[PDB]
Each structure stands twice: as C-alpha cells, then as structure tokens.
C-alpha cells in the first residue's frame, strides 16, 4: 500500500514527464521488446519493433495513457484498472510475469532522461506504485 508520500512522488514524477510521456512509452516498449524478447509474441501482429516505428509509437501512447489512468485512480488501483485487468486476462491473455518487465523498462527509460529524480527514496515510491499497478492488472486472472 502506497503512503501519501509515495503518491505525491509518483504524481510529481508524472507531471514532470509531461512533454516526454508519449516518447517515454514508445522507447520503454522498444526496450522491452529488445531486452526481453519473450515479450515479442504478444505483438507478432506488428512490423517493425524499433522505437519511432508507428505501431510502437502509437501503442506507447496507449500504455502511458493506462498509467496516467492509474495515477488518477492511485487511491484504489484495483477498481480503476478493472477493465484493463480483464482485457489483459481474457482478450490478450498476457502472462502476469510480464507486467514487471514493462515496469522495469519504463523505470530504466525514465532514469536515462530524468536521472536527478531517481534518488533511492523516490525510486522506492515509483517501484511500489508499479508493483501495485501490476497487481491491479493481475486481479482478474483468477
């Protein structure tokens, strides 16, 4: 469970990455696909897995949108991400194993762009948020 401290840190982070958000999601997705090729199977219906490629660009916008959703619902992530949980369970059937990979790649991408924001205490808030995220998306598996 996130503290009020954790929530403000995450919300402040999410402000700061404003102009960069869609590009952050595209590059994080590129990182996942290249660093962890296990994940490529779910996007077989693509071209073109490099960042900057149009499918990756547009789906990176989509991922960051789901996370800005999580930020607006940070108080109860289980309820706020129910639709996305169901879709990742039943429509796409995504191994919950993989939510942490994406989160890691988002955090790595962020750290290359906003390193001053990754104090150990902040990284701790971000990790707790992304773990709560994954768990929220895992809710409807069983």
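Residue numbers count along the first chain shown, from 1.
The deposited model assigns a higher average Cα B-factor to 13 to 21 than to the other stretch when 13 to 21 and 128 to 136 are compared.
In this crystal structure, the stretch out of 89 to 97 and 62 to 70 whose C-alpha atoms carry the higher mean B factor is 89 to 97. Across the residues 102, 109, 81, 56, the deposited record lists the maximum Cα B factor for 56. For residue 49, the recorded CA temperature factor ranks within the highest third of the chain's modelled residues. Remark: residue 114 belongs to the middle third of its chain, ranked by C-alpha B-factor as recorded.
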